[PDB]
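J.: The structure under discussion is supplied below as structure tokens; questions concerning it will follow.
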Amino acid sequence: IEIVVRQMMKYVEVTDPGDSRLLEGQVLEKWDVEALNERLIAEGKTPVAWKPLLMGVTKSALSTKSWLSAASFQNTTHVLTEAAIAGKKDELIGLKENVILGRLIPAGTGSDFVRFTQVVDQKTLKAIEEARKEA
Amino acid sequence: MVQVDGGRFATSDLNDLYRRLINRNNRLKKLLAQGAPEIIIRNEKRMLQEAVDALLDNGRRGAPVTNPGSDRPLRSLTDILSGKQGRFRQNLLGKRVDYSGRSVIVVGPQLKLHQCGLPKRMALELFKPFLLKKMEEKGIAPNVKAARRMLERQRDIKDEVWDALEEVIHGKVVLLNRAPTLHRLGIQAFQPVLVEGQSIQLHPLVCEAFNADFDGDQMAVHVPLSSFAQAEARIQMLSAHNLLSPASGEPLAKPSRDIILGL
Amino acid sequence: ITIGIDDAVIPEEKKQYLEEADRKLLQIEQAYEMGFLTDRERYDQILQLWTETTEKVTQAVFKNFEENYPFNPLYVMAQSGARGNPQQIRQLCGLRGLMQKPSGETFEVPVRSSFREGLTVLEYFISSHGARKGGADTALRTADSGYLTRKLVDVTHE
Amino acid sequence: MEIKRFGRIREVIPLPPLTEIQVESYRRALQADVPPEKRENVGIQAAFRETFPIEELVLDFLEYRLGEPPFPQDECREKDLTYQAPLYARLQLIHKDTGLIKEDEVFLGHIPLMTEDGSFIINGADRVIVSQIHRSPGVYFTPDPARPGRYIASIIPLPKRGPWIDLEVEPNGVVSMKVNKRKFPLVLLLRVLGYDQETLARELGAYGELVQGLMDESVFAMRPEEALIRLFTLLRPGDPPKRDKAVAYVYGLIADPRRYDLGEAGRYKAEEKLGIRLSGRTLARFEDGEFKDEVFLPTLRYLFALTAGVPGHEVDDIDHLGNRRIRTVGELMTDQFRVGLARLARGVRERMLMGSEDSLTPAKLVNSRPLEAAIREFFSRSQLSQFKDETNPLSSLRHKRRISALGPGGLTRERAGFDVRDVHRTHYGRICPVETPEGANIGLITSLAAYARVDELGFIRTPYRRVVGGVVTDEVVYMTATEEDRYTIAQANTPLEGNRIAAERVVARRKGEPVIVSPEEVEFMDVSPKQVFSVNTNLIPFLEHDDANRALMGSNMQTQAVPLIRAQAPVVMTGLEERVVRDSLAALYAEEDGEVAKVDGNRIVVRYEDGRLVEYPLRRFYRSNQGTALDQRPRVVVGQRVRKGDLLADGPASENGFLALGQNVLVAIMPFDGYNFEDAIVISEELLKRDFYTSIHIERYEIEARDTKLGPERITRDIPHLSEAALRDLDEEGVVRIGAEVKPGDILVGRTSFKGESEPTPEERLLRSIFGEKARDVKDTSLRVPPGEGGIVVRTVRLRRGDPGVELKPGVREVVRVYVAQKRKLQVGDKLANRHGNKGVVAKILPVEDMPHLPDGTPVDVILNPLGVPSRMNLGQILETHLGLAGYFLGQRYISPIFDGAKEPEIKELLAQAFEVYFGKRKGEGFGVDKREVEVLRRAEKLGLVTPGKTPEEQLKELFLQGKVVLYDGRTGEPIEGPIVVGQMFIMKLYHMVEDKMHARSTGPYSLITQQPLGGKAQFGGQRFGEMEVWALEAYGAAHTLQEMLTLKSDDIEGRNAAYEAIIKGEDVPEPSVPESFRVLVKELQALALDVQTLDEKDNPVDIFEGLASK
Amino acid sequence: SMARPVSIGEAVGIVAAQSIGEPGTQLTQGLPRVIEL
Amino acid sequence: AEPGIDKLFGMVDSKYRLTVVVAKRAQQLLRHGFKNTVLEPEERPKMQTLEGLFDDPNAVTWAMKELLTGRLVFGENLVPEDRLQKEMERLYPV
Amino acid sequence: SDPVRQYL
Amino acid sequence: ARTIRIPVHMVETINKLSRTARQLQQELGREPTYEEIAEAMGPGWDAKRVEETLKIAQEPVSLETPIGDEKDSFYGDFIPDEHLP
Amino acid sequence: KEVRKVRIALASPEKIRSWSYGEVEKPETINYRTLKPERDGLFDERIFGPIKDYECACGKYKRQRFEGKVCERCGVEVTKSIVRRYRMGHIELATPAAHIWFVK
DNA sequence: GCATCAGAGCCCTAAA
DNA sequence: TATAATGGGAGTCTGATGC
RNA sequence: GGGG
Ligand SMILES: [Mg+2]
Ligand SMILES: [Zn+2]
């Protein structure tokens, strides 16, 4: 239940843009505004003032950065018209995006953490090492 | 536009939506060159808009365009993309698959937790490519093409082919699924034990996770093909390696019914 | 382990509890036609009386089993968790109990029979209203639940 | 054997004809057997009278006639024809401008005929028209949910015969009328009717704030003509309010007895509710040039008095079965007929305004295509016209009595809520509370109760016996629900001495509410318990002991019982199993008294008293819709003396005239080594040995040979590159010989088709050159046996073009049909069920020596797990077993009616008599009590089952009276440590059989656009791995298994081709490529003018079409 | 399910939705309250 | 249950890393015809035919068993990927 | 809003 | 009007053939055979030609035509692809 | 190269024309007698590609030695028939029409 | 406030 | 290719969000 | 329309 509730709280609404491009009332992910605000506090400019925002799972799901995720959920035309106007780029972070493309999902054996792991037997590891340990 | 079995033609609704558009565009070009009054050109122009509208999203604005003598709205580009039947939720987030089958499930008390009863006739189809290679390696047939010809007629199937199939499935697992797949244990991996007979045999302990009875439930079988898929099934998805609920952490595969009763 | 009809054991206490419920019920009726209690109050008191009589007969069913028949099949299956629960066993050996009207409000008259004794066509029909309402509720719920799950999956998948 | 019947209830009337809801409805609609002048205005007749005369010339309707069917029923089924009669109508053309009269009888096409049993034959297949429940037309008053003190009056007409009307009283105080979702003040419509302020004040006024609130001065400032024009502008924004145009619109919507039809039932309900009398079925009239009100003012009058609180005004319950009526076959068909007739009328008027206004007869003026199409459309494509359920005779009997709330003029699933699905108190005696579908359709599809009949108005009526004083007469009154609510109705089992009520307190109902009442207060009494339940439910013995949810499953599953070659009637019946067979019409009976002249497998000839020799042919091994065999067997012998109505032949699933849905088997209720687990069932191989649960099934195969642009398909024995071994069982012409065993892959009908420009490739040309053999002109298109099918060829039908009597659809030279039969022995995976809702699949077949057996050596047939009983609460099956035990030794079958049945003492008496036969035999044969019988008795006396301190015979008898016996394990020889319930149970083999369901696919057909595998076993489909299945693989983190599912095992074309090639070569499967359905998505988004770009990390486009789509 | 630290790569969100959704069937506020939340 | 499945989960920080190592190793074995195996003739997984005992064809079984011995080395960024492929095809032909 | 009616 | 366009004169012959059958069926009380129409059409017409003409006049059917009344399953879903190997 | 991203954007009329292999000038589909596609119609092989693999319409060039050639007589490219799934056409409107998604 | 829109569980069978 | 002909016919309930 |  906490994982889900966390996604419900994923977004925030701008109260004051400070020295940024954001607009008052613009809604955005809490992550993106924190990243921006640390670039402002490191540039010495007034940070964006924001307020916590709570949305139900449907609204939250439709607001995700991934338009392949949102358009396959629901409100397909709406999701797709706003994405195309914006020139949106899907970074293929989540699962649905990769499923749609028939890609290898970024979980389980597909996670970048375990994906590149190599196996070699000692009888082959030592063989390769000797030829290269010289000029 | 395809010829079906009977020599009849079957065609997509988009062709009719385009045809309406093309007619109206062509007529509009003609009305312009001939200098029609503004009332006529306007009528044609608004009709052109409606024709474009039906092509892209039919029914969105105004009366849905229908084929004559049917009330069925033609299926426009928007209808194709969206909805339960749309491109996304039908062909993209889910698909029909090869190397799969289904049959009625039956209890198999004698099975070990990692096993299932798999009908031999089902196994011959699901593993058919594997079986052909093996039928060449020993020799039941001169080559792969001849081996397939032998399985086509059921009376041409000799008994050595069944031994060949036993060799093929050695150490491999199959996936069992029972719908609805409510949580991840709606799919589990099992080592198949070939059985005579038309029924899939399910281990008693897994019935709870699948919500299976023997009142006529059926299950689907899938064959993970690659070494990677087979490894995933045997390690991550094997019934015996998932004994505890991912939800509560409590035992999922546990005594019930007769087992509890006897003890 | 088997189940025969004699394995659903009507406790002797049932006849008594029914006698207790009827003398109690008559006293509440006197307070209506004599104007001591309202129509709302009379119905509310009847439901309370019969709920408690139901509970009483349940404890009697399980006490009679534990003391005098601890290996009885129904008792064994229910107690071990092999099958059955108290309310189902209560319907076999006890009374069926209060049933619901087509609306949602409960009938004042309960079903006094048990499945072992057998119901009366009128009892059977009265009971049918609730069965159907349960079936329709479940059917309309699996869709609401199903939809819910898809929303949760769509919001957490990444 | 003996048939012992229980029960004290004397049923004053028999069950009505069970298919009468069908037969009587359609006969009434067609009136074919009525001489035209004597036809009442109903059905077809009423439709003609409604459509004619056709005004401009005047075309008038005289009379219709129905011809005889061109082909008999058997012939229609054979040839894929509709069983139907030619319809003709005599019409006279009159010229209003002249005097001319031309008369002719025009052919309107065919109308489908109902067979004797209430079904139809539409294109060769048997169909049923399901009755439809809906809201009765009339005038209703419901409380307004918004304002807890105001009400809405709703005027509802017959479906598609008018708008719904709402009379809400708005917050401003004026009474508003809602029509076609538009609202205005009702006063305006009142003024159009010719009403003046005086009439409304004088008529109503009594209600202080309500009557004055309807009065609006601006509306009165205009004569009835101005108000009519004023209203029309409020309804059609843009149509000029021409006085004749406005009249036309309002007349057609309100006063026209053609565009607005209250029912005949609507007329009665309206007259009865408002206390007025209607001159017709319309809300108003056009009389003496203006409109004269009929309904509107009485409906307004009732609403105000109710809003106040005047005695005699109540709200209407819209789910009450007095306000809900049935639309039967006749009414449904007649509605479509009226529609088709009106379309033809459009054609008449359009043809009477063109091509010379004189040189036209009625025959050229009429095009029957609109009428034929409406009727053909109803029977083929309507939602109420269904493929017959004829798995067994009861299937179709039940099908005809089903009631649907969906279809054209009713609810949807996406649109139906709890109130309609509920069991209403008025369903009592009318609609079965049990028989409904599980799932989304619960409560929408129901079944007519056994004693119910639909009256002429369409309300379901149920019988009751009159009670005068305390004496119960035999006069039975069929009541609607509305009329039933007036009286105090005693229960059917209330004690009687003679004709007198013998109890001081009786159990009765007043308006469905159960009430205890003295015999002085008893107005009527139920005819029988059977009247509360459907026909299927009435077939369940000991129903009073079964929880309703399981009894539901019991009912529905009898519908699914497969006819068995050894089929038997249950040893415990309810007494309805005779009537079901007789009304089903599967069984054959003697017309008059007589003597049996001849008895054959194919026929029975009877010589009656009349002297006439009547020959009854028997339907032998005919294939039903579901492929179960309908086959009739002769039950009499040559020379047998028969009376009127005696049995001649048994139908399917009938034994000596009693319904036989299954077999009677010896069952033991006990766990058995987990083969019993979770409803699985263990059976003895003895069942297959003696051919119990064996059923015949026939599958139909068909193939067409057609003309192609490449040349003719030919059905031939000459098929390229096939050995004579493969062709062995084919005749001279290429058809498999009758009486051959065909197995999957075998050729049924040989056929060749001409090769496309695919005219063999140069690779193939060179190969063919090597073997001296030229590539043939034709390719092998032969029909073969599908995987998992096959049997014995029992019949072949060949229909060519150019043979007498036959012409096929255009282009088709010849059609061959092959009927293949199979004897299906019971096997593992087949599904069994009893009448109480116990159902399970056969998981194990043990050899007879492993089966539990009685001490005297008798092995049991079935082992059912007791764990299925307690949560399910169906104990009737238990009592069924006990009484079944008694009958096994006593050699008897019983009739225990529902709710008036065999009770425990009575069953115990029978059980005692049985023990003497089960045991006394042994003591006389010179054998004493067994050692193991003592051991079990020891354990049983510890269980409180037997009385301690009695002889073994006395204790075994105590156990036998509880229906328990000593049981020996055939494996060990040791006893089961406790006494076990054993007896005879009635169990059916249902239509769900593994042979039909087992399916597997490696590769196969793919879809055109998506390139994904097709679905379903018949297409050799792949399984759907759907959204939720993908989720499971995601939660497991099985990335490569999931990717395989999304690519190589589906629409990745390069991948699926490459993976197959690797497996047959022994290599591992390659890494997948892009799924073709993603490419479809991309191209479909481009068709929507959206640019979808796959990009790399450098944000440069990646071309997934590999150069193919770029110029 | 393993009664031990979760492995990196486990698709936890999906498991969360399945764990919450699966009981939905057997819920008699009730399921409406859950959807409201 | 897979033999010594508990011990295999012991060897890895993440269960999915076990599966990757097993899967890749099984592919190595199939491509090179098992002649790079670290098992000894008595450790070879066997398969009982009608003829009799033969080598277990299932490479994933082999790989898990090989892994249990300890003779396999697993990790990230050990050897350039292509160079490994050439040295193995040199040591164990195809 | 109705294309026939508009043209009329 | 036709997805498969037909020459205007051919549409006229087809329409003529329709009218004729409607006459023939109205006097005969049943559907005419190909031979009865060929007679009614005059010289040049045999039953073979009536049949070939009706084959030509057949309009295609929608791939999206629903099988059943539920929204699931389309006629196009039952059509295998014979082109791609 | 490997796919890391999917961009979606509005399409200019130039680009829609940049996609198109031809203008569909006729509502025709296929010829009623020959059943082959009608020239300039919705199925035309000159626009969307050949019906048969590496074979032009009239059949002057029937095999892969020519791949990329456009037959002078019939005008059809010799390539894989799969391209009839890929190549877009276009219709040149006489007067502009609004895209209903961006309106409604 | 009130209208307009887009949502409303999964797999399978057979009939068209 | 020429009497004249000039305006159409037809039919559930949820919650969220922009006038 | 049936099955889970
Ligand atoms: Mg089940
Ligand atoms: Zn060419």
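Each chain of the structure tokens is named A, B, ... in the order shown, its residues numbered from 1; ligands are numbered from 1 in display order.
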Could you pull out the strand (DSSP E or B) residues of stretch 743-846 of chain D, going by DSSP on the backbone, and write them as a ChimeraX atom specification?

T.: /D:747-749,751-754,778-780,783-784,791-800,803,806,812-824,831-834,839-846

J.: List all protein, DNA and RNA residues that have an atom no more than 8 Å from any atom of ligand 1, counting only C-alpha atoms (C1' of nucleotides) and all ligand atoms, and report them as a ChimeraX atom specification.

T.: /B:211-217 /L:4

J.: Dump C-alpha atoms (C1' of nucleotides) for the selected residues as a PDB file, in the first residue's frame?

T.:
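That gives us selection_32.pdb:
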```
ATOM      1  CA  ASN B 211      -7.453 -20.857  -6.961  1.00  0.00           C
ATOM      2  CA  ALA B 212      -7.913 -24.194  -8.807  1.00  0.00           C
ATOM      3  CA  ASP B 213     -10.578 -26.896  -8.159  1.00  0.00           C
ATOM      4  CA  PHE B 214     -11.384 -29.981 -10.187  1.00  0.00           C
ATOM      5  CA  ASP B 215     -14.982 -28.843 -11.007  1.00  0.00           C
ATOM      6  CA  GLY B 216     -13.762 -28.427 -14.636  1.00  0.00           C
ATOM      7  CA  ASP B 217     -11.075 -25.720 -14.493  1.00  0.00           C
TER       8      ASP B 217
ATOM      9  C1'   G L   4     -13.653 -21.736 -14.767  1.00  0.00           C
TER      10        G L   4
END
```

J.: So that I can see what lies close to stretch 12-19 of chain K, please list as a list in words the residues with an atom at most 10 Å from it, counting only C-alpha atoms (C1' of nucleotides) and leaving out residues fewer than 2 positions away in the same chain.

T.: residues 59 of chain A; 411, 412, 413, 414, 415, 416 and 417 of chain D; 2, 3, 4, 5, 6, 7 and 8 of chain J

J.: Once you have the residues from the selection above, write them out as a PDB file, in the first residue's frame, restricted to C-alpha atoms (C1' of nucleotides).

T.:
```
ATOM      1  CA  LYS A  59      -4.946  10.758 -12.385  1.00  0.00           C
TER       2      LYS A  59
ATOM      3  CA  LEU D 411     -31.595  -4.076 -20.824  1.00  0.00           C
ATOM      4  CA  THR D 412     -27.859  -4.581 -21.489  1.00  0.00           C
ATOM      5  CA  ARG D 413     -25.125  -5.989 -19.247  1.00  0.00           C
ATOM      6  CA  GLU D 414     -23.346  -2.622 -19.437  1.00  0.00           C
ATOM      7  CA  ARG D 415     -26.728  -1.194 -18.378  1.00  0.00           C
ATOM      8  CA  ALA D 416     -28.652  -3.422 -15.866  1.00  0.00           C
ATOM      9  CA  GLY D 417     -28.694  -3.005 -12.069  1.00  0.00           C
TER      10      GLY D 417
ATOM     11  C1'  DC J   2     -24.899  21.677 -15.144  1.00  0.00           C
ATOM     12  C1'  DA J   3     -23.364  19.317 -19.435  1.00  0.00           C
ATOM     13  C1'  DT J   4     -20.059  16.417 -21.815  1.00  0.00           C
ATOM     14  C1'  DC J   5     -16.913  12.743 -21.805  1.00  0.00           C
ATOM     15  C1'  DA J   6     -14.854   8.417 -21.067  1.00  0.00           C
ATOM     16  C1'  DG J   7     -14.521   4.708 -17.760  1.00  0.00           C
ATOM     17  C1'  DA J   8     -16.595   0.376 -16.279  1.00  0.00           C
TER      18       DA J   8
END
```

J.: Using only C-alpha atoms (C1' of nucleotides) and all ligand atoms, which residues of the polymer chains come no farther than 7 Å from ligand 2? I'd like the answer as a list in words.

T.: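 Every residue with an atom at most 7 Å from ligand 2 is listed here: residues 56, 57, 58, 59, 60, 61, 71, 72, 73, 74, 75 and 76 of chain I.
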
J.: Would you write out those residues with N, CA and C atoms, as a PDB file, in the first residue's frame?

T.:
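Output file again35.pdb is given in full below:
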```pdb
ATOM      1  N   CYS I  56       7.219  -7.534 -60.576  1.00  0.00           N
ATOM      2  CA  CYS I  56       6.420  -6.365 -60.915  1.00  0.00           C
ATOM      3  C   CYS I  56       5.019  -6.808 -61.345  1.00  0.00           C
ATOM      4  N   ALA I  57       4.154  -5.825 -61.593  1.00  0.00           N
ATOM      5  CA  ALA I  57       2.741  -6.099 -61.841  1.00  0.00           C
ATOM      6  C   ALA I  57       2.510  -6.858 -63.145  1.00  0.00           C
ATOM      7  N   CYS I  58       2.978  -6.312 -64.279  1.00  0.00           N
ATOM      8  CA  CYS I  58       2.754  -6.948 -65.582  1.00  0.00           C
ATOM      9  C   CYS I  58       3.641  -8.168 -65.798  1.00  0.00           C
ATOM     10  N   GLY I  59       4.693  -8.316 -64.995  1.00  0.00           N
ATOM     11  CA  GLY I  59       5.576  -9.468 -65.042  1.00  0.00           C
ATOM     12  C   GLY I  59       6.727  -9.432 -66.021  1.00  0.00           C
ATOM     13  N   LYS I  60       7.238  -8.246 -66.347  1.00  0.00           N
ATOM     14  CA  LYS I  60       8.429  -8.159 -67.186  1.00  0.00           C
ATOM     15  C   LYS I  60       9.665  -8.529 -66.367  1.00  0.00           C
ATOM     16  N   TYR I  61       9.759  -8.029 -65.125  1.00  0.00           N
ATOM     17  CA  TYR I  61      10.882  -8.294 -64.222  1.00  0.00           C
ATOM     18  C   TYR I  61      10.334  -9.141 -63.070  1.00  0.00           C
ATOM     19  N   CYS I  71       9.826  -0.950 -63.140  1.00  0.00           N
ATOM     20  CA  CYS I  71       9.435  -1.439 -64.451  1.00  0.00           C
ATOM     21  C   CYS I  71       8.814  -0.315 -65.280  1.00  0.00           C
ATOM     22  N   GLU I  72       9.332  -0.121 -66.497  1.00  0.00           N
ATOM     23  CA  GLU I  72       8.873   0.970 -67.360  1.00  0.00           C
ATOM     24  C   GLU I  72       7.423   0.789 -67.777  1.00  0.00           C
ATOM     25  N   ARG I  73       7.025  -0.449 -68.053  1.00  0.00           N
ATOM     26  CA  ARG I  73       5.686  -0.691 -68.571  1.00  0.00           C
ATOM     27  C   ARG I  73       4.623  -0.470 -67.494  1.00  0.00           C
ATOM     28  N   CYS I  74       4.729  -1.173 -66.355  1.00  0.00           N
ATOM     29  CA  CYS I  74       3.720  -1.067 -65.300  1.00  0.00           C
ATOM     30  C   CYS I  74       4.048  -0.114 -64.141  1.00  0.00           C
ATOM     31  N   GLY I  75       5.307   0.319 -63.967  1.00  0.00           N
ATOM     32  CA  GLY I  75       5.678   1.291 -62.936  1.00  0.00           C
ATOM     33  C   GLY I  75       5.911   0.802 -61.509  1.00  0.00           C
ATOM     34  N   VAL I  76       5.975  -0.533 -61.257  1.00  0.00           N
ATOM     35  CA  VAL I  76       6.061  -1.114 -59.909  1.00  0.00           C
ATOM     36  C   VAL I  76       7.494  -1.479 -59.531  1.00  0.00           C
TER      37      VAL I  76
END
```

J.: To test your reading of the structure, identify every residue in chain A that backbone DSSP assigns to helix (DSSP H, G or I), and report it as a ChimeraX atom specification.

T.: /A:2-8,30-41,57-62,67-73,76-86,95-101,108-110,122-132

J.: Go ahead and compute the interatomic distance for atom CA of residue C:75 and atom CA of residue C:1, in Å to one decimal.

T.: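 These two atoms are separated by 11.1 Å.
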
J.: Residues of chain I no more than 7 Å from chain A, counting only C-alpha atoms: send them over as a list in words.

T.: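 Matching residues, ligands excluded from the count: residues 4, 5, 6, 7, 8, 9, 10, 101 and 102 of chain I.
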
J.: Any idea what the distance is between atom CA of residue B:93 and atom CA of residue A:74?

T.: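 Atom-to-atom, atom CA of residue B:93 and atom CA of residue A:74 are spaced 13.1 Å apart.
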
J.: Please provide the set of residues having any atom within 7 Å of residue B:120, restricted to only C-alpha atoms (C1' of nucleotides), with same-chain residues fewer than 5 positions apart removed, written as a PyMOL selection string.

T.: chain B and resi 194-196

J.: Okay, now the selection with C-alpha atoms, as a PDB file, in the first residue's frame?

T.:
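Printed below is selection.pdb as written:
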```
ATOM      1  CA  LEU B 194       4.344 -37.120 -19.714  1.00  0.00           C
ATOM      2  CA  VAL B 195       1.096 -39.006 -19.165  1.00  0.00           C
ATOM      3  CA  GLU B 196      -1.283 -40.930 -21.355  1.00  0.00           C
TER       4      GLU B 196
END
```

J.: Excluding same-chain residues fewer than 4 positions from stretch 228-236 of chain D, what lies within 7 Å of it counting only C-alpha atoms (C1' of nucleotides), as number ranges by chain?

T.: D: 188, 192, 224, 241, 243, 246

J.: Show me, as a PDB file with C-alpha atoms, in the first residue's frame, the residues that have an atom within 12 Å of residue I:44 when counting only C-alpha atoms (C1' of nucleotides), minus same-chain residues fewer than 4 positions from it.

T.:
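As a result, result_25.pdb now contains:
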```
ATOM      1  CA  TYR I  21       4.868   7.149 -52.305  1.00  0.00           C
ATOM      2  CA  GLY I  22       2.001   8.510 -54.332  1.00  0.00           C
ATOM      3  CA  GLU I  23      -1.284  10.368 -54.278  1.00  0.00           C
ATOM      4  CA  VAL I  24      -4.400   8.245 -54.167  1.00  0.00           C
ATOM      5  CA  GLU I  25      -6.394   9.873 -56.878  1.00  0.00           C
ATOM      6  CA  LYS I  26      -9.291   7.390 -57.142  1.00  0.00           C
ATOM      7  CA  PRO I  27     -11.782   5.681 -54.773  1.00  0.00           C
ATOM      8  CA  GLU I  28     -11.257   2.462 -56.747  1.00  0.00           C
ATOM      9  CA  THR I  29      -9.948  -0.577 -54.920  1.00  0.00           C
ATOM     10  CA  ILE I  30      -9.434  -3.576 -57.241  1.00  0.00           C
ATOM     11  CA  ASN I  31     -10.633  -4.374 -60.743  1.00  0.00           C
ATOM     12  CA  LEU I  35      -9.228  -8.701 -59.121  1.00  0.00           C
ATOM     13  CA  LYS I  36      -5.829  -6.989 -59.389  1.00  0.00           C
ATOM     14  CA  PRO I  37      -5.527  -3.511 -57.829  1.00  0.00           C
ATOM     15  CA  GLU I  38      -6.808  -0.499 -59.774  1.00  0.00           C
ATOM     16  CA  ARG I  39      -4.262   2.096 -60.961  1.00  0.00           C
ATOM     17  CA  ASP I  40      -4.082   5.201 -58.695  1.00  0.00           C
ATOM     18  CA  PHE I  48       2.531   0.895 -52.038  1.00  0.00           C
ATOM     19  CA  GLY I  49       4.738  -1.832 -53.490  1.00  0.00           C
ATOM     20  CA  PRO I  50       4.484  -5.164 -55.250  1.00  0.00           C
ATOM     21  CA  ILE I  51       1.926  -7.824 -54.347  1.00  0.00           C
ATOM     22  CA  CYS I  56       6.420  -6.365 -60.915  1.00  0.00           C
ATOM     23  CA  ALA I  57       2.741  -6.099 -61.841  1.00  0.00           C
ATOM     24  CA  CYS I  74       3.720  -1.067 -65.300  1.00  0.00           C
ATOM     25  CA  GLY I  75       5.678   1.291 -62.936  1.00  0.00           C
ATOM     26  CA  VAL I  76       6.061  -1.114 -59.909  1.00  0.00           C
ATOM     27  CA  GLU I  77       9.212  -1.512 -57.808  1.00  0.00           C
ATOM     28  CA  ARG I  84       2.649  -2.923 -48.585  1.00  0.00           C
ATOM     29  CA  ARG I  87       4.780   2.580 -47.436  1.00  0.00           C
ATOM     30  CA  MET I  88       2.275   5.385 -46.863  1.00  0.00           C
ATOM     31  CA  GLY I  89       0.206   7.168 -49.508  1.00  0.00           C
TER      32      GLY I  89
END
```

J.: Residues of chain A within 7 Å of chain C, using only C-alpha atoms, as an NGL selection string?

T.: :A and (4 or 7 or 57-58 or 60-61 or 73 or 93-95)
